[PDB]
Protein chains: 4
Amino acid sequence: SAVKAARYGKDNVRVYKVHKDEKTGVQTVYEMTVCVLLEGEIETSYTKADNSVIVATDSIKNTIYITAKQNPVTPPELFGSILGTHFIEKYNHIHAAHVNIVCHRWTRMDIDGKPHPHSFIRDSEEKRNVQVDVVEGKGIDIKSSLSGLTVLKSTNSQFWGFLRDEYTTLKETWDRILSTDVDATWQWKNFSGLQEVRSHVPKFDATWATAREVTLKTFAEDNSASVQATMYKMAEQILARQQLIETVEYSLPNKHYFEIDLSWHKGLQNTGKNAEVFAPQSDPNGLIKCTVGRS
Amino acid sequence: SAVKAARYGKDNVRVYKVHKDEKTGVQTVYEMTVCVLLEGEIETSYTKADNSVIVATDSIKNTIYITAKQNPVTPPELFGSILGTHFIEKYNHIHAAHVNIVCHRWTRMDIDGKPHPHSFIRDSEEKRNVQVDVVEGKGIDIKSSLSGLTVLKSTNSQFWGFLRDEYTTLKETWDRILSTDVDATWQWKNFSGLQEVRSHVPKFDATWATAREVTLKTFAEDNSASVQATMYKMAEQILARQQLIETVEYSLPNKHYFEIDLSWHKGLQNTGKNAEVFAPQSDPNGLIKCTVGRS
Amino acid sequence: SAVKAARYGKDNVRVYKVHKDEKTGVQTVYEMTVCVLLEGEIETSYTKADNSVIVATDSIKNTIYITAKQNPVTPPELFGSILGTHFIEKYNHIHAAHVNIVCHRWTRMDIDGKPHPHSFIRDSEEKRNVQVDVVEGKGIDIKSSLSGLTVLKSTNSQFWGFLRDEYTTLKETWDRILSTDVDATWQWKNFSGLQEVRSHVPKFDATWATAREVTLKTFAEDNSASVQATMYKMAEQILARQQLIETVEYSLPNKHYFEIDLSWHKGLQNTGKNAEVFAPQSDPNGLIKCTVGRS
Amino acid sequence: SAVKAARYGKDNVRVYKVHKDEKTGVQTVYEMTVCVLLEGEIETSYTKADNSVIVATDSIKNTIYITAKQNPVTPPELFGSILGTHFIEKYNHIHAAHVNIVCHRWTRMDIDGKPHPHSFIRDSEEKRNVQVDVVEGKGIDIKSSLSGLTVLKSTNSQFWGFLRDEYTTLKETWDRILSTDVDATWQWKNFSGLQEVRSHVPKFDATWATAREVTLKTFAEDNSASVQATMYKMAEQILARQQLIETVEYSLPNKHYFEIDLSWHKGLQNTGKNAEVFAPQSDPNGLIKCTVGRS
Ligand SMILES: O=c1[nH]c(=O)c2nn[nH]c2[nH]1
Ligand SMILES: O=c1[nH]c(=O)c2nn[nH]c2[nH]1
Ligand SMILES: O=c1[nH]c(=O)c2nn[nH]c2[nH]1
Ligand SMILES: O=c1[nH]c(=O)c2nn[nH]c2[nH]1
Ligand SMILES: [Cl-]
Ligand SMILES: [Cl-]
Ligand SMILES: [Cl-]
Ligand SMILES: [Cl-]
Ligand code: NA
Ligand code: NA
Ligand code: NA
Ligand code: NA
């Protein structure tokens, strides 16, 4: 037998960093969860019990904190690229670093209509994520994403004209609830290294904001023919607004809300045009995915 | 042996309701999770296999949907009271109903600076809850709460002057991070029945809003001497603003963020006044509770 | 306003302890999660910012580790009682300690049909728990429990003869699936203090084992008329086998598995006597509780 | 823009099936969670709102139940292959089906030392999984796995001789606790279609059993030089015992248990040879992966 692939490192490293403006007294906090996995000439640790090739995962953890101390942690695309580059440059035998970062929301509180200098609220479990793969001699590949954005519209969703055969019981509909948890990923063109990533720094936050805005507006305004059709419209617009993105991927559950027939009870009318009370279904759920790239 | 206490019913009943304004086209959604447990002269179902006394839990589920169809579901204090009253009035042998409701956030989306008629976002896992106990001949007891409100302040929290003995290693501090998940409950004076609950309907939403506002403002503005001292200030203010509340209870975890000494690495300074990077601790956590009532 | 009730301490303290037999080389591990909350003359920490009355929660954490180092951690009833007694004896102004312990399973592995000296498996998320309340001048109250024991029987459960009215759609049945997660609690007679708890030490593990055995056998053998009837039989037997128990409480979800009518598809028969494929329902669920004491 | 990849279907479909032996009265239950995603000539549903190409996800759900009714559901490798083949054969424009199955444990209860005919216990959250990809003209690729197998050994694990530099604080050790949650996947050689999968049916359960046994024995018996070295030994043995496996992948967290220095308290000795009480760490954790194939 032979080692075909191997990677190892530290997962679930929670990091918080505060920035304090001495002039204004304003403080800004960042909190993330980081995973770093390394690859390289490490097969002998598996096959020969040769630990001399292992950068201990505890050391990887230390490196994450030290790197956060000495560098900006925002945008996460930049931080991930600095962190990944560190490992391939520092260690001759390490040839790839894979860095995943999940950014947690700490939103500045408004008290009496003004922004508070040092108090924050977690407004939702929505995350902003990055995956950065730094591969020696092959540059830096970055996938940025948002996840956990949960939305619902109560009308202006339809689903009719699908294939009907002997396995089909679903009725066509011209008015239904549509609700999903959005997972959207945009993949950047390959960057040659850290200098190039630095040169594009302003684009990272702007593109995240654009992706979020396009998702929300399209969802709210589309008279949706299906999840498939609506998500394609979102992806199309993101690609149009940022030329440095190569592909956009959406993965969307269709979280069903079922009508409840109450007619058995005193002829109560609660279906079709009369539907007011529905039963949200925890499972099963549709799952719809697509990856959109350029012609 | 004898049955000393017994209650039974249906838990985890998910309900969604939509209200459609025909005039304006504006739609408003409510989503809740409901639990109803009944008590009464039901001991023989346990001791003699006498099912004749059992209102099936499936029927309780049906009743929740039917009641939501025929009544407003907001404020949840009113809905819970209608639902609980139903069971004690409908069934001679049922003498208490215990209704718990968890309200999930569906916040209207703003698209291009205007409120959208029918699209909603889940902004945070914060809940608004009620517990309603309807007891035949003893009225209606209502406890209202908010939970899952997660906040952090990066300075203006202190903790010094605590007991020091041979079990103590904790250093006194004049500047630390304070972060918690707020669980706050206000208990209403007993109501004689549904007519009295109806008479106070406007107070329910207003008091929820006040409790939230007082919590957030006090947390942000208090130069906190301890979690204990800050939470007492919150409870005091809520009791002052609503005379129909008898007690306020807060239950607050102290979610610790630890300094990381980096001095072992090139004399890097990251403690005390130089602390910028911290390690959030998933566990253990302080847990601080208090119930405040009137003199 | 006044402080009506207050308690504070440390939650989610994870503890592992190993015992090493030097003679046989056999090692035995225990892992628990502990919560300790104190009450006493501590109101001034809330009302006057007087921290002098606070035993820091960090010190409580230290005390848990020190106590585990110097005492047996099994049975958990004994450990909880030692830990709770410590606080009320050590601190003049602390008058009650509330200790909750969750014991996690680490079951010795059998390799090649023999017990391994130092390797363990987590066989299920079933827990053994204790709640110990040590109140100065009022002794020690102990509630022991098992939770997270998930079982299913595929036949020999019935449910018919329940109340039918205009809210009822449920069909009577003489053969259904019954599945639940068992939560069972037995409450001990009050103990005068640690000496008395020590005197009964062998009864704690034996009663846990009896409670588990009675639960499993009764569930498997009862031709169940309802969850209510079956759970009463369990509680009755536990009370009969251990005179030092005052009450037994069961709390049982009824986790529903629904028939799926497939007759719309080529007349396929999958209901009643022909039912083979079912849809487990994640929610809602019945919830049935009872507390059984002595005549 | 263009659709580069697309797949859609139904996730989280819970299925239970019972087999009843009329002769012996013995009943056997299977419970699974199934996900089916399809690919094919479906781009127009995204780009042109053409639903005519969509097999509704609700129909996919129906198909899962119908298929379970008419076929064995064990071993899951066979069931997944039948289910996947169905879609590519039934629908001309569907060219790949991706089926994931998670099998939940329902273990027959022993009551009074004998196997009960119809009562079952969930002994642990360990799962047996399959991923089956059925691709028209390219056969059937099957990856089988076990996951959620949580183990701990209290000694006979070492970690020394790793790289030490200015980022390293970890001390070498010759005796530590090792605990992990095992995720192991074995990938079968490609099968030409359902006939070939049927021909190997007995190998599926046997190989699962072998993989489990090898994992447990190796973990318990290896005087481990590292997670890397121990996991390689496991993978090597599995490949040796089943020639129809091409690769074995392990993904193992290193769940840390830290010594607690108690010497600050009355010189109490709890480190090194004197370590008895440890603090399990919820995070961060090492994560070690490897894929082993044939020379
Ligand atoms: O077994 C281990 N492997 C590793 O790579 C490692 N790094 N720190 N501790 C460790 N233990
Ligand atoms: O065992 C049961 N008890 C109940 O109270 C009930 N209600 N619906 N189904 C039921 N099954
Ligand atoms: O605010 C606090 N209250 C407490 O009781 C405590 N104990 N340790 N740290 C603490 N912080
Ligand atoms: O938007 C939808 N897309 C689908 O593929 C589907 N299938 N059932 N319902 C559906 N809704
Ligand atoms: Cl769907
Ligand atoms: Cl605390
Ligand atoms: Cl029920
Ligand atoms: Cl590790
Ligand atoms: Na390198
Ligand atoms: Na009544
Ligand atoms: Na005392
Ligand atoms: Na096909």
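Residues numbered from 1 in each chain as written, not as in the entry; some residues may be left out. Chains lettered and ligands numbered in written order. Heavy atoms only, no water.

K.L.:
Please explain the UniProt feature "binding site: urate" in chain A as it appears in this structure.
P.N.:
The positions that UniProt labels "binding site: urate" are, in the present scheme, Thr57(A), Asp58(A), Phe159(A), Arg176(A), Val227(A), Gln228(A) and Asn254(A). These annotated residues cover 198 residues of sequence, and their C-alpha atoms reach 52.1 Å apart at the extreme, placing them across more than a single site. Relative to the helices and strands, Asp58(A) resides in helix α2 (residues 57–70). Apart from the residues within four sequence positions on either side, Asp58(A) is in contact with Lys10(A), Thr169(D) and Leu170(D). For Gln228(A), the position within the fold is in helix α6 (residues 227–241). Under the relative-accessibility criterion, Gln228(A) is labelled buried at 5%. What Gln228(A) contacts, discounting residues up to four positions off in sequence, is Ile288(A), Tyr8(D), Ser45(D), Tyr46(D) and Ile54(D). (UniProt positions renumbered as here; feature names shortened; annotations may be inferred. Helix = DSSP H or I, 4+ residues; strand = E, 2+ residues; numbered from the N terminus. Contact = heavy atoms within 4.5 Å. Buried < 20%, exposed > 50% of the residue type's maximum accessible area, 1.4 Å probe, protein only.)

K.L.:
Would you take a moment to explain the interface of chain A and chain D for this structure?
P.N.:
Interface size, as often reported, equals the accessible area lost upon joining of the parts. Taken together, the 69 residues of chain A in the interface contact 69 residues of chain D. Contact with chain D buries area across many residues of chain A, yet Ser1(A), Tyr46(A) and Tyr167(A) alone supply 13% of it, more than any other trio. There are 2 salt bridges connecting chain A and chain D. Note that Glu166(D) is salt-bridged to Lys90(A), the shortest N-O span being 2.5 Å. Remark: the boundary between chain A and chain D carries 40 residue pairs in polar contact. Sorting the residues of the side of chain A that touches chain D by element identifies β1 (2–20), α1 (43–47), α2, α3 (76–90), α6 and β12 (285–293) of chain A as the ones contributing at least two each. (Buried area = accessible area lost by both parts, 1.4 Å probe. Salt bridge = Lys/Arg side-chain N within 4 Å of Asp/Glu carboxyl O. Polar contact = N/O pair within 3.5 Å; in protein donor to acceptor, adjacent residues only side chain to side chain.)

K.L.:
How should the packing of helix α5 (residues 201–221) of chain C against helix α6 (residues 227–241) of chain C be read in this particular structure?
P.N.:
In helix packing, the relevant descriptors are the interaxial angle and the interaxial distance, both defined with respect to the helix axes. Residues and elements named next belong to chain C. Following both chains from N to C, one finds α5 and α6 inclined at 145°, their axes separated by 9 Å at the closest point. In terms of crossing hand, the pair formed by α5 and α6 is right-handed. Between α5 and α6, the contacting residues are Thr210, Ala211, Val214, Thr215, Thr218 and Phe219 on the first element and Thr230, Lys233, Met234, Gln237, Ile238 and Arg241 on the second. (Axes fitted to C-alpha atoms, helices over the stretch in contact; angles between N-to-C directions. Left-handed = near helix turned anticlockwise from the far one by under 90°.)

K.L.:
Whenever I open this one, the site of ligand 1 confuses me. Can you help?
P.N.:
Near ligand 1 you find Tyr8(A), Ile54(A), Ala56(A), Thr57(A), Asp58(A), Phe159(D), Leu170(D), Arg176(D), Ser226(D), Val227(D), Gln228(D) and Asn254(D), and these make up its full shell. Flanking ligand 1 are residues from chains A and D. Residue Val227(D) places a main-chain N or O atom 2.9 Å away from an oxygen atom belonging to ligand 1. A distance of 3.4 Å separates a nitrogen atom of ligand 1 from a polar atom in the side chain of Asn254(D). Burial of ligand 1 by the protein chains amounts to 97% of its free accessible area of 280 Å². Of all the secondary structure elements, the ones that give two or more residues to the shell around ligand 1 are α2 of chain A together with α6 (227–241) of chain D. Broken down by class, the residue content of the shell around ligand 1 amounts to 6 nonpolar, 4 polar and 2 charged. (Near = heavy atom within 4 Å. Areas by Shrake-Rupley, 256 points an atom, 1.4 Å probe, with all protein chains shown as cover. Nonpolar A, V, L, I, M, F, W, Y, C, P; charged D, E, K, R; others polar.)

K.L.:
Sorry if this is basic, but what is going on with the interface of chain C and chain D here?
P.N.:
Each partner contributes to the interface: chain C provides 61 residues, whereas chain D provides 61 residues. Roughly 5100 Å² is buried in total at the junction of chain C and chain D, and carbon and sulfur atoms are behind 63% of that figure. Interface area lost by chain C to chain D is led by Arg14(C), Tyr16(C) and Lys69(C), which between them contribute 14%. Taken together, chain C and chain D are joined by 4 salt bridges. Residue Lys69(C) is joined to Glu276(D) by a salt bridge in which the shortest nitrogen-to-oxygen separation is 2.4 Å. Put simply, chain C and chain D have 28 residue pairs in polar contact between them.

K.L.:
Before we go on, may I ask you to explain the relation of the copies chain A and chain D in this structure?
P.N.:
In this structure, two copies of a chain are linked by a rotation about an axis accompanied by a shift along it. Aligned on chain D, chain A shows an RMSD of 0.0 Å; the corresponding rotation is 180° and the shift along the axis is 0.0 Å. Interpreted geometrically, this transformation is the action of a two-fold axis. Most of the interface of chain A is mirrored in chain D, where 100% of its interface residues are also at the interface. (Least-squares fit on C-alpha atoms.)

K.L.:
Can you walk me through the packing of α2(A) against α3(A) in this structure?
P.N.:
All names here are of chain A. As a packed pair, α2 and α3 sit with axes 11 Å apart at the nearest point and diverge in direction by 130°. Judged on the interaxial angle alone, α3 and α2 are oblique. Classified by chirality, the crossing of α3 by α2 is right-handed. Counted together, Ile60, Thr63, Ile64, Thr67 and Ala68 of α2 and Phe79, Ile82, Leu83, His86 and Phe87 of α3 form the full contact between these two elements. Class assignment for the residues of the contact of α2 with α3 results in 7 nonpolar, 3 polar and no charged. (Parallel < 35°, antiparallel > 145°, perpendicular 65-115°, else oblique.)

K.L.:
It is not clear to me how the UniProt feature "binding site: 5-hydroxyisourate" in chain A should be interpreted in this structure. Could you clarify?
P.N.:
Residues and elements named next belong to chain A. The residues that UniProt annotates with the feature "binding site: 5-hydroxyisourate" are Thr57, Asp58, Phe159, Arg176, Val227, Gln228 and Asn254. Looking at the element boundaries, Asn254 is found in strand β9 (residues 245–254). Once residues within four sequence positions are removed from consideration, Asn254 is found in contact with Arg176, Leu178, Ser179, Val227, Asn285 and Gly286.

K.L.:
Sorry, what's going on with the coordination of the sodium ion (ligand 11) here?
P.N.:
A metal bound by six donors in octahedral fashion has ideal angles of 90 or 180 degrees, whereas one bound by four tetrahedral donors has an ideal angle of 109.5 degrees. Residue and element names in this part refer to chain C. Protein coordination at the sodium ion (ligand 11) comes from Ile88 (O), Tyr91 (O), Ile94 (O) and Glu136 (OE), with a distance range of 2.4 to 2.7 Å. Summarised as a motif, the one-chain spacing of the donors to the sodium ion (ligand 11) is I-x2-Y-x2-I-x41-E. One end of the pair, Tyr91, is in the loop between α3 (76–90) and β3 (94–104); the other, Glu136, is in the loop between β6 (127–135) and β7 (139–153), with 45 residues separating them in the sequence. Residue classification places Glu136 among the partly exposed positions, given a relative accessible area of 40%. (Donors = N, O, S within 2.8 Å, 3.2 Å for Na, K, Ca; no water.)

K.L.:
Teacher, can you tell me more about the site of ligand 4 here?
P.N.:
Close contacts around ligand 4 come from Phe159(A), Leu170(A), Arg176(A), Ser226(A), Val227(A), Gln228(A), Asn254(A), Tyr8(D), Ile54(D), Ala56(D), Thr57(D) and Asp58(D), and that covers them all. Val227(A) is positioned such that a nitrogen or oxygen atom in its backbone is 2.9 Å from an oxygen atom of ligand 4. In the model, a nitrogen atom of ligand 4 is placed 2.8 Å from a nitrogen or oxygen of the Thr57(D) main chain. Coverage of ligand 4 by the protein amounts to 97% of the 270 Å² it exposes when considered alone. Looking at the shell around ligand 4, the elements with two or more residues in it are α6 of chain A together with α2 (57–70) of chain D. Here the shell around ligand 4 is composed, by residue class, of 6 nonpolar, 4 polar and 2 charged.

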